Amino acid sequence: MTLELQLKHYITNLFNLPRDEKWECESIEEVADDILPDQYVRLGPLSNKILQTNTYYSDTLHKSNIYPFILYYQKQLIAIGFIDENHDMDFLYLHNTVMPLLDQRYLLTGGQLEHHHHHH
């Protein structure tokens, strides 16, 4: 039920990349504003805050040009996201220090393409 495990499975399932391939974790201190867009850090408390970001890089991730990372502060998950080839920012779990803004479990595990009706 680990959040990091779901993130690895979610990313691998998204591009259908080998799940038996382990990546290399890199621990470095980065500013939320430098990484996350100003749209989510226009004036938020994460302004000039140094959050520990764990970026993972492997042969599959490097080949697909995908840079996945997890943001946490004081041993606490703050937000999760990865950058695809389209440079588009994909957020699977957003949780600010004060209160969370966006948090959808379906997106995190990848909701179906339709769930409005099924009883039929």
# chains A, B, ... in the order shown; residues from 1 in each chain; ligands from 1
>>> closest_atom_pairs(of="region 15-59 of chain A", to="region 75-93 of chain A", cutoff="10 Å", atoms="only C-alpha atoms", output="CSV")
residue,atom,partner,partner_atom,distance
A:32,CA,A:79,CA,10.0
A:36,CA,A:89,CA,8.6
A:37,CA,A:89,CA,8.7
A:46,CA,A:78,CA,9.9
A:51,CA,A:78,CA,8.6
A:52,CA,A:75,CA,9.0
A:53,CA,A:80,CA,9.3
A:54,CA,A:80,CA,9.9
A:55,CA,A:82,CA,9.1
A:56,CA,A:82,CA,9.9
>>> residues_around(residues="residue 58 (chain A)", least_positions_apart="3", cutoff="9 Å", atoms="only C-alpha atoms", output="PyMOL selection string")
chain A and resi 21-24+61-63
>>> select_by_dssp(residues="region 7-79 of chain A", states="strand (DSSP E or B)", output="PyMOL selection string")
chain A and resi 24-31+50-57+67-72+77-79
>>> closest_residue(among="A:109, A:115, A:96, A:27", to="residue 5 (chain A)", atoms="only C-alpha atoms")
A:109
>>> select_by_dssp(residues="chain A", states="alpha helix (DSSP H)", output="list in words")
residues 3, 4, 5, 6, 7, 8, 9, 10, 11, 12, 13, 14, 15, 32, 33, 34, 35, 59, 60, 61, 62, 63, 105, 106, 107, 108 and 109 of chain A
>>> atom_distance(atom1="CA of residue 71 (chain A)", atom2="CA of residue 31 (chain A)")
10.0 Å
>>> atom_distance(atom1="CA of residue 65 (chain A)", atom2="CA of residue 34 (chain A)")
19.7 Å
>>> closest_residue(among="A:12, A:7, A:49, A:40", to="residue 101 (chain A)", atoms="only C-alpha atoms")
A:40
